[PDB]
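Note sheet for the following structure.
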2 protein chains.
Amino acid sequence: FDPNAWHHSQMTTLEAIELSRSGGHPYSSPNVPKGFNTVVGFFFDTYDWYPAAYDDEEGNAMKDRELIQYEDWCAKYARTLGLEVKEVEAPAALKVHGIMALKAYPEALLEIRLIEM
Amino acid sequence: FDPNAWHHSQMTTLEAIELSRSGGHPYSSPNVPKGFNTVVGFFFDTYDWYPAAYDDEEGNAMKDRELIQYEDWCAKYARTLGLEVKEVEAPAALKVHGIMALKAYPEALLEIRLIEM
């Protein structure tokens with residue numbers, strides 16, 4: 001374990017630790033229109049991120065079987081319900097895995113899937 | 001057994017039995033636009049109705065605690081999501097309790113609450 005190593009969250013290990021202790025996370029997208037969020041963003045806005053969360057995935061949250069399911073569900077119901085879906089820039093921690101952009105869904109839809117079910 | 005005694009579903013006892021045996025129910029509304037349905041309509045379109053279902057309520061399905069919850073849920077999320085909500089004529093089995101109209105929600109919204117949850 002090295003303190004100075006670059007963490008897969010695209011910051012120093014120390015910075016990752018400070019970020020997690022402050023209740024933050026690295027997976028928020030920039031310039032997300034108000035009332036929208038990405039699945040991964042809303043998930044860690046709700047639940048706690050800890051630096052070792054995606055060690056096995058080398059930081060690629062979008063390999064999480066849990067988050068993939070949520071993403072598939074949100075895509076499905078936003079379409080059948082005629083909801084607006086926005087495209088937003090991926091966070092650096094996902095840009096480094098080849099994900100350039102993410103779908104952002106209405107927060108009410110995320111609330112149903114991520115909190116109620 | 002009186003086959004011609006009036007059932008609270010607003011048909012003869014015999015008629016209610018025959019309707020139940022054919023997989024029908026008395027709680028559908030007339031002239032519901034395609035892709036919409038009421039809570040009570042969708043519920044019994046999904047699950048089996050039997051004549052004695054609402055003996056205790058003298059046929060007022062909208063006194064069912066479950067169905068009240070589903071209705072409250074759909075009104076809440078239809079509003080927050082900005083979904084279209086239509087007003088439709090109540091079926092006779094509810095007009096007899098003073099309910100003149102029911103709210104009709106998008107079928108996708110009903111699928112979530114009544115089947116997935």
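So you know, we letter chains A, B, ... as the sequences are listed, proteins then strands, and number each from 1. Because only heavy atoms are used, hydrogens play no part in the values below, and waters and symmetry mates are left out as well, while side chains stay in.
Between B:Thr46 and B:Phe43, every side-chain heavy-atom pair lies at or beyond the 4.5 Å cut-off. In this structure, the side chains of B:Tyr54 and B:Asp64 come closer than 4.5 Å at one or more pairs of heavy atoms. Considering only heavy atoms from C-beta on, B:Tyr27 stays 4.5 Å or farther from B:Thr38 through its side chain. The shortest side-chain heavy-atom distance between A:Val85 and A:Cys74 does not fall under the 4.5 Å cut-off. Looking at B:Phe42 and B:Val32, their side chains never come closer than 4.5 Å, going by heavy atoms from C-beta outward. For the pair A:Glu57 and A:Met62, the minimum side-chain heavy-atom distance is 4.5 Å or more. For the pair B:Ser29 and B:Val40, the minimum side-chain heavy-atom distance is 4.5 Å or more. The shortest distance between side-chain heavy atoms of B:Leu109 and B:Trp73 falls below 4.5 Å.
Of all heavy-atom pairs between B:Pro26 and B:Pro91, the closest is O-CB, 3.7 Å. Shown here for A:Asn31 and A:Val88, the closest heavy-atom pair between the two residues is O-CG1, 4.5 Å. Listed here is the closest heavy atom pair of A:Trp49 and A:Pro51: CZ2-CA, 3.6 Å.
Side-chain N/O atoms of A:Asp45 and A:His25 include a donor and acceptor closer than 3.5 Å. For B:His8 and B:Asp55, the side-chain atoms include at least one donor-acceptor pair closer than 3.5 Å.
One N or O on the side chain of B:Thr80 and one on the backbone of B:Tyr77 form a donor-acceptor pair closer than 3.5 Å. Between the B:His97 side chain and the B:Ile99 main chain, no donor and acceptor come within less than 3.5 Å of each other. Using a distance-only test at 3.5 Å, with no hydrogens or angles considered, no donor-acceptor pair links the side chain of B:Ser28 to the main chain of B:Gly41. The closest donor-acceptor contact from the side chain of B:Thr13 to the backbone of B:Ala5 lies under 3.5 Å.
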Report task. Decide side-chain contact (heavy atoms from CB on, under 4.5 Å) for A:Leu19 and A:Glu15; before the verdict, give the C-alpha distance in whole Å, the side-chain angles of both, and the deciding distance to 0.1 Å. Result -> CA-CA 6 Å; A:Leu19 180 57; A:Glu15 275 163 338; over 6 Å; no

Report task. Apply the test side-chain contact (heavy atoms from CB on, under 4.5 Å) to residues B:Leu14 and B:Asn4: give CA-CA distance (whole Å), side-chain angles for both, the deciding distance (0.1 Å), then the verdict. Result -> CA-CA 7 Å; B:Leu14 181 67; B:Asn4 298 111; 6.0 Å; no

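With rounding to the nearest 0.5 angstrom, the CD atom of B:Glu107 is 11.0 Å from the CG atom of B:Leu114. The CD atom of A:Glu87 lies 13.5 Å from the CZ atom of A:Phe36; values are rounded to the nearest 0.5 Å. Within the model, atoms CG of A:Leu83 and CG of B:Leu83 stand 6.0 Å from one another, a figure rounded to the nearest 0.5 Å. Atom CG of B:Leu94 is separated from atom CD of B:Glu89 by 11.5 Å, given to the nearest 0.5 angstrom. Atom CZ of A:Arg79 sits about 8.0 Å away from atom NZ of A:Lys76, to the nearest 0.5 Å. From B:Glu111, atom CD reaches atom CG of B:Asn37 across 11.0 Å, with rounding to the nearest 0.5 Å.
The neighbour count for B:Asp48 CG, taken as heavy atoms of other residues, nucleotides or ligands under 6.0 Å away, does not exceed 12.
For the side chain to side chain donor-acceptor pair (under 3.5 Å) test with A:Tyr105, the passing option among A:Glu71, A:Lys86, A:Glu84 is A:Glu71; the others fail.
A continuous path of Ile, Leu, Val, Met, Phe, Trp and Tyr side chains, each step under 4.5 Å between heavy atoms, connects B:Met117 with B:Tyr47, placing both in one hydrophobic cluster.
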